[PDB]
Structure formats: structure tokens, C-alpha cells
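A short worksheet on the structure shown next.
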Amino acid sequence: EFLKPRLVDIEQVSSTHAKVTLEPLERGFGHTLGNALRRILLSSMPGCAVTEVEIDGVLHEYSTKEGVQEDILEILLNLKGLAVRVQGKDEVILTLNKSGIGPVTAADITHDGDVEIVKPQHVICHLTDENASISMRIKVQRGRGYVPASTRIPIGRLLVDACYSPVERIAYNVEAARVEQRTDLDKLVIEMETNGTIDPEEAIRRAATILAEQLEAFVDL
Amino acid sequence: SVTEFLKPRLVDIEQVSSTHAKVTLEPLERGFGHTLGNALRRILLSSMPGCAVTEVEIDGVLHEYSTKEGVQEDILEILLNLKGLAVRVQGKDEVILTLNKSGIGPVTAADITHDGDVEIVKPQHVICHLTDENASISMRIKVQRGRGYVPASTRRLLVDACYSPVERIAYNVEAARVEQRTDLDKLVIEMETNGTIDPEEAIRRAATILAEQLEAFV
Amino acid sequence: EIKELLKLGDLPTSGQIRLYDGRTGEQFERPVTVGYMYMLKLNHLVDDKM
Amino acid sequence: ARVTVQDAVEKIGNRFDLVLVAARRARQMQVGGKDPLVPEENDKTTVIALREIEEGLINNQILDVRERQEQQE
Amino acid sequence: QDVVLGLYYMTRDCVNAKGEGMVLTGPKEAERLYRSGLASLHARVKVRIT
Amino acid sequence: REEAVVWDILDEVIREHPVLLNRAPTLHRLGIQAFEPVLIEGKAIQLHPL
Amino acid sequence: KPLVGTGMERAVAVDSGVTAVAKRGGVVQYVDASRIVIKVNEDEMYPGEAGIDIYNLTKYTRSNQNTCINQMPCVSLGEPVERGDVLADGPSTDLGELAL
């Protein structure tokens, strides 16, 4: 008796955010599916965030390297906001090297096939000395939500708080949709906002799969 | 590691009465109690199919503000009692029933002349009280299938159509603990039905509907 | 001056916008006051008092 | 599973005597033997005793007579 | 404080509101209307109460 | 060492074991009140508003 | 920075000894997380011993209330500066402006 919603198009506005329009829906389901999908998306999406850093010339995050404009703490806080996606294995170690005067952008990291960088213009630290080199090993892990470094627990390691969730903000609106002779149908438009590491269609399908798997317990009651 | 979640493990159904039951789920992921609770509530309140009375024809009175001899009560309470009547019809979208009564005696739902298709769950429901011996009362009742709740103003006197079998749905979210994790959510659903179907079954229906809305994605 | 500054942007002059409930998705019955305010963290931490 | 003591206070004269008799019964139940007269529901000893008081099957004189009967052995 | 404001906003009639003048079976229905959005939280109605 | 069974034992021993909550100054006899504690996270004593 | 302020933030930040203020104008020859070197402009050298100016910042030094005192350079390499201009904001300061 009810109708079946399905994806209609994926309108891309920028490399970070896009919108999804749904097949026309019955009354009462515009705000029922929309809010559930928004909650799932903002709650539990997979993420590929940085966890630990290993800079050669430091012992702790409260020190200062020579020739680097920013403190080690600022370097960590800039690395925490690095957007990266992996394909093969859940964890990977990235290598960074730079020398001479100039900013140390994320494009200077190695270019392994599975690991992809979506923001090559991201700036980690500045080099102000004529002959100063920075060499760090960045560890990237896959997870969900926000796992603080003070709970998941040598001396050369520096732990960085992990913010896995790729979606930044999700909005939706319900507007009248014209199809067949029914004037009681509407389409749900979801405008989402990623850091650039997840495809909107994949995120929507994952959220719907999670919701259906959760409801499978109720349907068995 | 990243895909699995924490499915509910303890489900307790406490049937305090025939049509009132409480369902508790534990545990759920943090924030998943509100999502499921609100989805189920919004589906049950205004999207669950059912059949109920939609309009009533009375020969004696032609307007809502009118008086009929022989009845100690008003027309409005008769309309309320017809509105509160719970009826199940299988396969027939629209049915017309004829009610005839006479003499002193409390009119009940069992006195309604109905076919085999039409079944009344509560024959003990008091449609109206008649306190005159010579009095005679006659009604035509229209029962239709539909979904949700339809006010009379949105739409032979009109009756508010309570298509949805539910009568009251409400959910509470509490804190449940598993191992060293305490932030997990526990859902408690308290539900009452008009009598057409038991609360345990109706909830299932709601879930099914929502699942049927996610077939094209999974 | 505050109203003129608000009108320069794309914000309502009254300063009250219409929010939504996060958990239920239902609109709040009245508009509420939303804006940016400067918060300080005083030197009375609970972990030094428990 | 005990949220108020109104029934126990009404059953006995005053609250202080209720406290004393409940303490005596709970100590009898806790230190040795003296299985409860009411089916426990994973309740602490101080709670099982109080229910026994509100059921009317335990008060000062009942405890006194049981103690006398047992000490007569 | 917070409780008093909520109970004062709940029990306070308005001369014109959504779904006014309709007659309800009882208190249980009044909750189904307010949640469904078919009637405002405070509209003058006629209900049957035991 | 904060094992896992210790938490279950602690939950067991706080079934109906009242604790006396107190605020200085305790001007009147209602400044000391008994409660049944509930095991929660954090480092703050959650108090009933009423 | 405070979005709504009063204009006394600059005065309070400069007057307190938490921001490294250049004694003489010049150009930042070398900037680092723990030192700033200013090559004084031609008009400001004394007749003898022209030299340069060197400011050494304090990094993560314990305060009286067990808080952390830390200074960060706020100027870029090869940037002109003048006398009285902040070269390194201290604790609770954003570009020579109080921010608590």
C-alpha cells in the first residue's frame, strides 16, 4: 500500500558537500526518515583519522624543535584536522619529509596507492631556517565517533585525539513533489557536509543499512 | 570493528492488562534509543492502517446542535461514543451498518446489526442511554479503512476518524551499563491499543513499515 | 546600531531564529535567542575538588 | 525496592520503635540463621525486615515470644 | 523555576489556536492530537473526564 | 587494578544502602538527607532538583 | 579574540609583561618558536655598536597558580616591524590583544 523511496540524483556543489534528493514519500515520512538518517549520519559513520605521531627530534609534545615556527603542540593540532582515506587495510603509516624555507603542506607526504589525500593545500608546519629538516611518521586508523587519547591507552610517540566522523553538519528539508496524479507526495532533500573522505551515496546507504539492521530486532518481537 | 553495533539483548514485555503493555529494550548504542523511539511513535500515531467510523446518519436530528426526544444525554456524547467504537473489517474498504433500538435500556455495541465481515471487539461499549419506553432510535454507521488521524474539520454528521489502532504511545530513555560502558541507552515503550490488536503485534507492524521504506537502500 | 549591523548580514533583525529539536526533529513552538557569547573557564576544576 | 515507610510507621506506634524492632529483626536475620518470612527479591536485610513489619507478621511482642520460645530450649 | 514555567505554559488558554472547538473522547486523545500536530498545546476544547 | 567483576560487586553492594548528603552550612534539619545512590560516571554528585 | 570587546584589550595586553615588545624597529631576519632576531632599521642605530636585537621567549614555564606560561611568535619572516609592536603574544593573548 505504501510507496518505495529511492535515490534520484546526487547534486554535487563542491568537493566537500553535496545534496541528495529522494523518491516521493508518503505523508508522515518526510520528517520520520529525515531525522533518523540525520541522527545516524551525525552519530556513527566510519572515519580514517590520525592517531599517533612520531617526530624524530622531539621527546614530548611540550618541547620545541629548532627551525620550526610552530610549537609541537600546534603541529599536533594541525595534524589532527587532516583528511585522508584508505582502501586496503584499516591502519597505515604515512611518512613526511621536507627541507628548506617554506610551508610544509600535506602534499609532501608519500603517495602510496591506497592512501589518498583530499586536501593537498593543508598546512602542517612552517620551516623558517635555511637548512632545517622535519621527518615524522604519521599513523592513521579507522574507527567511529570520537575516541579521546586519554582512554584508549616508548617515549617518542605522541598521542593525538581521534575525531573519526567525516560528516561535519547535516541538514534536510521536505518539499512538495509532483508525480502521477498524487498531490500528497513529497521528496526529502538532504544537504550534507563532508570533510571530503566519504561519498554521499555510500554514506546514505550505510545509514539506511544500520537503521534496518537495528529495526530487525523489533520486527522479530 | 566499524560495521557491527550493539543489538538489544533483554526484551521484557509486561502485559499489565489486555490492551496495555510495556516493552523494554536493553542495551542500545548511545543516541539510538531516541531515533528508534521517535520513528516508531511517529509511524504509529499517523501512518498505521486501520478501519474506523467516519460519519453517521441520524433520522431524528439533521444538525450537530439538535435535540432528540427520549434520550437523557445529548447528541455530542452519542457522537463521542460512536467515535470511540472499535471495529475491525477485513477486505471491505467501506461498510454501512444499521442500528435499531427501542424502549428503556442502555444501548450496547452488541445490538448493532452487522454482517459477518464486520466484527466489534467490545460489545459491552455503551453507545447511548435511552430512558423512555416509547422511544425508538435508528442510526446508519459508515466504517471506512484509512491511515492516521483525520479531523472532522479537514473533511449526515461527520465523525472524527480514528483509523490508527493505537490509543497512547510514549517512550522513555534511560542509562544502561554494559561492562565498563555506562553511556548506552535503554528504551522503554509503553503502549495501549483500542482493542483491535494486542500491543505486542502492533509495534511489529510499525517496524515492518519502516523496513519497507528502506528496501531500495540496503 | 545592532539592528543595522544585523540587517547588513543575512540575519533577522529581532535576533531570534527558529531552531529545531535535535532528538525529535520537531520545531520549537517559539523562536529562541541564538548568538555568539564569550565564555571563560574559571579556575575551579571538579577534578581538583572531588 | 522500598521507597517509603508509611505502612510500617502506621503498623507500629511510632517511628523509633519501628526502627528498633526492624534493627533487631534484621540482626537476627543477618548474623545467623533466621530465614526471612517473606520471599526476598534480591533486597538488603534492612529492607526485607521492614516489609515483614508492614505485613503485620512481625512486631515487638512477636519477636519477644519467639525469642522466649527459642531460649526455652 | 523551570518546572513552574513549563506547567504555566501548558495550562494557559489562547483565544484562537490550531484545532479549536473540537470535542475529544478523553485525556488520552488530547495527547495524540498534540503530538500529531493537529491541535495546539493550548486550544479551548471539550473533553470527557472521569 | 579495577577489574570488571569489581564493578558488578559494587553495583550489588549499593542496592539499598543509603548515604547521607550534607551541605555546609546546615542551618536546619533538612540540610542532612539520606538518599539511595546511583552509580554514574563523571566526578560530580548528581542531585534531584526538587 | 573576543568578538565584542572594549578597546582596552590592547592596553592590558601590552602593559602587562606577557607580550614581547620590540625596543627598536626593523625587519624580522629570523623567526623561530623560541627566539626572534630583529635587524634594526638604519635610522635607529646608535653611532657605535649597531648590532641587532634578540628576544628569547619563555616556553612552558610554571606560573604561580600552576598554570602554563607560554609565548608564541606572531610575525612572519622578512616582515617589517616598528617600536612598540608585539612580536610574540604570551598566555591569553591573540595578536597583542587580551583574550581570556
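Just remember, in the C-alpha cells the first chain shown is A, the second B, etc., residues are 1-based per chain, and ligands are 1-based in the order shown.
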
For this session: Fewer than 5 positions away in the same chain doesn't count, so skip those; otherwise give me all residues within 10 Å of residue 60 in chain D, counting only C-alpha atoms, as number ranges by chain.
Result: D: 12, 17-18, 20-22, 24-25, 53, 65

Problem set entry | Expected answer as a list in words: chain B residues within 9 Å of chain C, only C-alpha atoms | residues 31, 34, 35, 38 and 39 of chain B

Please produce an output containing N, CA, C and O atoms for each residue in the selection, written as a PDB file, in the first residue's frame.
ATOM      1  N   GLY B  31      22.371   7.230  21.876  1.00  0.00           N
ATOM      2  CA  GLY B  31      21.611   8.000  20.922  1.00  0.00           C
ATOM      3  C   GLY B  31      20.712   7.193  20.014  1.00  0.00           C
ATOM      4  O   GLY B  31      19.931   7.786  19.259  1.00  0.00           O
ATOM      5  N   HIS B  34      16.567   7.245  21.163  1.00  0.00           N
ATOM      6  CA  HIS B  34      15.674   8.303  20.705  1.00  0.00           C
ATOM      7  C   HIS B  34      15.287   8.110  19.247  1.00  0.00           C
ATOM      8  O   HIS B  34      14.129   8.326  18.879  1.00  0.00           O
ATOM      9  N   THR B  35      16.237   7.701  18.404  1.00  0.00           N
ATOM     10  CA  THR B  35      15.938   7.515  16.988  1.00  0.00           C
ATOM     11  C   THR B  35      14.838   6.480  16.791  1.00  0.00           C
ATOM     12  O   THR B  35      13.813   6.756  16.156  1.00  0.00           O
ATOM     13  N   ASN B  38      11.373   7.590  18.507  1.00  0.00           N
ATOM     14  CA  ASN B  38      10.639   8.615  17.777  1.00  0.00           C
ATOM     15  C   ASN B  38      10.143   8.091  16.437  1.00  0.00           C
ATOM     16  O   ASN B  38       9.035   8.433  16.011  1.00  0.00           O
ATOM     17  N   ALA B  39      10.938   7.260  15.756  1.00  0.00           N
ATOM     18  CA  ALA B  39      10.478   6.686  14.497  1.00  0.00           C
ATOM     19  C   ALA B  39       9.240   5.825  14.709  1.00  0.00           C
ATOM     20  O   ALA B  39       8.244   5.955  13.985  1.00  0.00           O
TER      21      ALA B  39
END

For this session: Output the contact residues of chain F with respect to chain C at a cut-off of 10 Å, based on only C-alpha atoms, as a PyMOL selection string.
Result: chain F and resi 42-45

For this session: List every residue of chain F that DSSP, applied to the backbone, labels as alpha helix (DSSP H), and write the result as a PyMOL selection string.
Result: chain F and resi 5-12

Exercise. Hey, what does DSSP flag as strand (DSSP E or B) within range 82-127 of chain A? Can you give it to me as a list in words?
Worked result: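 Those in range 82-127 of chain A that DSSP calls strand (DSSP E or B) are residues 84, 85, 92, 93, 94, 95, 96, 97, 98, 99, 102, 103, 104, 105, 109, 116, 117, 123, 124, 125, 126 and 127 of chain A.
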
For this session: Please indicate the distance in Å from CA of residue 143 in chain A to CA of residue 31 in chain A, rounded to one decimal place.
Result: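 The value is 28.9 Å.
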
For this session: Compile the contact shell of residue 115 in chain A as a list in words: residues with an atom at most 8 Å away, counting only C-alpha atoms, same-chain residues fewer than 5 positions apart removed.
Result: residues 84, 85, 86 and 87 of chain A

Please report as a Markdown table every residue of chain A lying within 9 Å of chain C, along with the nearest atom pair and their distance in Å (one decimal), using only C-alpha atoms.
| residue | atom | partner | partner_atom | distance |
| --- | --- | --- | --- | --- |
| A:31 | CA | C:25 | CA | 7.0 |
| A:32 | CA | C:25 | CA | 8.4 |
| A:34 | CA | C:25 | CA | 8.7 |
| A:35 | CA | C:25 | CA | 5.9 |
| A:36 | CA | C:25 | CA | 8.9 |
| A:39 | CA | C:23 | CA | 8.0 |

For this session: Just need the residues of chain G within 8 Å of chain A, counting only C-alpha atoms, so spit them out as a list in words.
Result: residues 30, 31, 32, 33, 34, 60, 72, 73 and 77 of chain G

Mind writing the picked residues with C-alpha atoms as an mmCIF file, in the first residue's frame?
data_model
loop_
_atom_site.group_PDB
_atom_site.id
_atom_site.type_symbol
_atom_site.label_atom_id
_atom_site.label_comp_id
_atom_site.auth_asym_id
_atom_site.auth_seq_id
_atom_site.Cartn_x
_atom_site.Cartn_y
_atom_site.Cartn_z
ATOM 1 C CA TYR G 30 64.947 35.189 11.726
ATOM 2 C CA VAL G 31 61.786 33.920 13.424
ATOM 3 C CA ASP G 32 61.588 30.743 15.489
ATOM 4 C CA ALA G 33 59.490 29.070 18.168
ATOM 5 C CA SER G 34 61.963 30.218 20.847
ATOM 6 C CA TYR G 60 56.029 26.224 29.147
ATOM 7 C CA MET G 72 54.446 32.080 20.527
ATOM 8 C CA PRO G 73 55.908 34.227 17.731
ATOM 9 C CA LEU G 77 59.954 36.001 8.178
#

Hey, could you make a per-residue contact list for chain B against chain A with 7 Å as the cut-off, showing the nearest pair of atoms and its distance in Å to one decimal, counting only C-alpha atoms, sorted by chain and number, as CSV?
residue,atom,partner,partner_atom,distance
B:2,CA,A:143,CA,5.7
B:7,CA,A:214,CA,6.9
B:35,CA,A:36,CA,5.6
B:39,CA,A:32,CA,5.8
B:42,CA,A:32,CA,6.7
B:46,CA,A:28,CA,6.7
B:47,CA,A:28,CA,6.6
B:204,CA,A:219,CA,5.1
B:207,CA,A:219,CA,5.5
B:208,CA,A:219,CA,6.1
B:211,CA,A:212,CA,6.0
B:213,CA,A:4,CA,5.9
B:214,CA,A:208,CA,6.4
B:216,CA,A:6,CA,5.7
B:217,CA,A:205,CA,5.3
B:218,CA,A:209,CA,4.9

Using C-alpha atoms, can you export the residues from the last selection as a compact mmCIF listing (two decimals), in the first residue's frame?
# COMPACT_ATOMS: atom_id res chain seq x y z
CA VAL B 2 33.48 -0.43 12.50
CA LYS B 7 21.97 -5.14 19.35
CA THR B 35 15.94 7.52 16.99
CA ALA B 39 10.48 6.69 14.50
CA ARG B 42 5.66 8.83 14.50
CA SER B 46 -0.24 8.91 11.99
CA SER B 47 0.71 6.18 9.49
CA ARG B 204 5.79 -5.21 14.95
CA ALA B 207 8.74 -1.79 12.41
CA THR B 208 7.77 -3.64 9.24
CA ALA B 211 11.73 -1.62 6.99
CA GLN B 213 10.76 2.16 3.48
CA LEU B 214 14.45 1.13 3.35
CA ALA B 216 15.88 0.21 -2.02
CA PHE B 217 18.96 1.20 0.02
CA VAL B 218 20.21 -1.86 1.93

Exercise. Which neighbours of range 28-40 of chain C fall inside 10 Å, counting only C-alpha atoms, when residues of the same chain fewer than 3 positions from it are skipped, and could you give them as number ranges by chain?
Worked result: C: 14-21, 25, 43; E: 40-41; G: 1-5, 99-100

Exercise. How many Å lie between CA of residue 159 in chain A and CA of residue 50 in chain A, rounded to one decimal?
Worked result: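 Here the two named atoms are 9.3 Å from each other.
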
For this session: Specify as an MDAnalysis selection string all residues of chain F found within 8 Å of chain D, counting only C-alpha atoms.
Result: chainID F and resid 15:17

Problem set entry | Near-residue 12 in chain E list (12 Å; only C-alpha atoms; drop same-chain fewer than 6 positions) as JSON, numbers by chain | {"E": [5, 6, 40, 41, 42, 43, 44]}

Prev. selection, N, CA and C atoms, output as a CSV table (one decimal), in the first residue's frame:
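As a result, out_15.csv now contains:
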chain,number,residue,atom,x,y,z
E,5,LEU,N,7.5,27.3,35.0
E,5,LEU,CA,7.3,27.8,33.7
E,5,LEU,C,6.7,26.8,32.8
E,6,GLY,N,7.1,25.6,32.8
E,6,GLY,CA,6.5,24.6,31.9
E,6,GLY,C,5.1,24.3,32.2
E,40,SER,N,-3.0,22.7,18.8
E,40,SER,CA,-2.0,23.3,19.6
E,40,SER,C,-2.1,22.9,21.0
E,41,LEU,N,-1.0,23.1,21.7
E,41,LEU,CA,-0.9,22.7,23.1
E,41,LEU,C,-2.0,23.2,24.0
E,42,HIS,N,-2.4,24.4,23.7
E,42,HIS,CA,-3.5,25.1,24.5
E,42,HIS,C,-4.5,25.7,23.5
E,43,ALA,N,-5.5,24.9,23.2
E,43,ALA,CA,-6.7,25.3,22.5
E,43,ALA,C,-8.0,24.9,23.2
E,44,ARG,N,-8.9,25.8,23.3
E,44,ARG,CA,-10.1,25.5,24.1
E,44,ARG,C,-11.0,24.5,23.4
